[PDB]
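Single chain ahead, written as structure tokens, the form deposited in one PDB entry.
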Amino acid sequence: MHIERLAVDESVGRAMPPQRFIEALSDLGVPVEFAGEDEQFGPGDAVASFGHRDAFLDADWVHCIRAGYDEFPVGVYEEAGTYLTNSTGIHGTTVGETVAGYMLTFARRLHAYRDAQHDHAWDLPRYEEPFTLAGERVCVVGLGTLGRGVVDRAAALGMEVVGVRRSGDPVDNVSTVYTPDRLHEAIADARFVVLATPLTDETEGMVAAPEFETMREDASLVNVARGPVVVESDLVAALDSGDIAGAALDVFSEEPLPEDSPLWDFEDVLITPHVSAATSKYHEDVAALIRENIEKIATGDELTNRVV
């Protein structure tokens, strides 16, 4: 490909101010231009976007500004000869930190204290409530950029770490790596189970009633992956019945999470609005990927994070 222009779809506004991103790419060597909803594309065009538009199939290359590309019609890009790349590789620090934050919140009871802060109440925990992450077990399901960001911070905090990935291959700081057919073994003894997989045919509904049964009654589920990896109604039922203790949830089967979801109301559920990867430098972090792939295109190298 010969790229002559980078179009910035308005949908990037869902994660970052489009003008900040445009400005980050001012010395890219092609012009970088805001594109509205009904923009048309053609030869020489690269497009950066949150989601898919059929108009993009006229372009040479679409870069999805998310790691997750499950909302893109991948087979159609192949057909059209349009390259598609994603933003995997940039969310390890942000998500890793958020997840460390969730686990420390539960161990140290920070969320209960925040609730009491609204009441101006000096409410002391029950003696058995506060604990330390040091010496506790975490199972990280998915061991890529997100999962490793979680693993490394968990290990540094003194946690025991196991995990699950497709290949079963070793991962630094993970004591035992399981394949997905051994999910129950992986999750059974864990104080925290963290979900960091893409949404695929295989992962959809992976965590359901039987998994909540297997999990320790004192355990918490963390979902920073995609909502439908979990059977959300089963999660509610598990929380109600005490099959698990709680959950930190950044992603949901329907987003925004509807007001009537029971999930909002559990004391030991943390709801976050799909922001575990949020950062005031997202524009720069995505721009780096674009610059990298422009240089790879320019020199005939294989594209980074090429989906199809």
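Counting begins at 1, following the sequence as shown.
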Legend entry - Greater mean Cα temperature factor according to the PDB record, 273-281 or 54-62: 54-62
Legend entry - Comparing 242-250 with 35-43, the one whose average Cα B-factor in the PDB entry is higher: 35-43
Legend entry - Maximum C-alpha temperature factor, selected from 181, 71, 119, 204: 71
Legend entry - Out of 102, 77, 192, 212, highest CA B-factor residue: 77
Inset, instruction - Would you mind ranking residue 132 by its C-alpha B-factor against the rest of the chain and naming the third, lowest, middle or highest? - result: lowest
Inset, instruction - Could you look up the Cα B-factor of residue 82 in the entry and say which third of the chain it sits in: lowest, middle or highest? - result: highest
Inset, instruction - Would you please rank residue 156 by its C-alpha temperature factor against the other modelled residues of its chain and give the third it falls in: lowest, middle or highest? - result: middle
Inset, instruction - Name the third of the chain's ranked CA B-factors that contains residue 115, choosing lowest, middle or highest. - result: lowest
Legend entry - CA B-factor placement of residue 268, once the chain's modelled residues are sorted into thirds: lowest
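Separately, the form deposited in another entry exists; it is not shown, and the next lines address it.
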Inset, instruction - Decide, with the chain treated as two rigid parts between this form and the one not shown, if residue 169 and residue 48 are on the same side of the split. - result: no
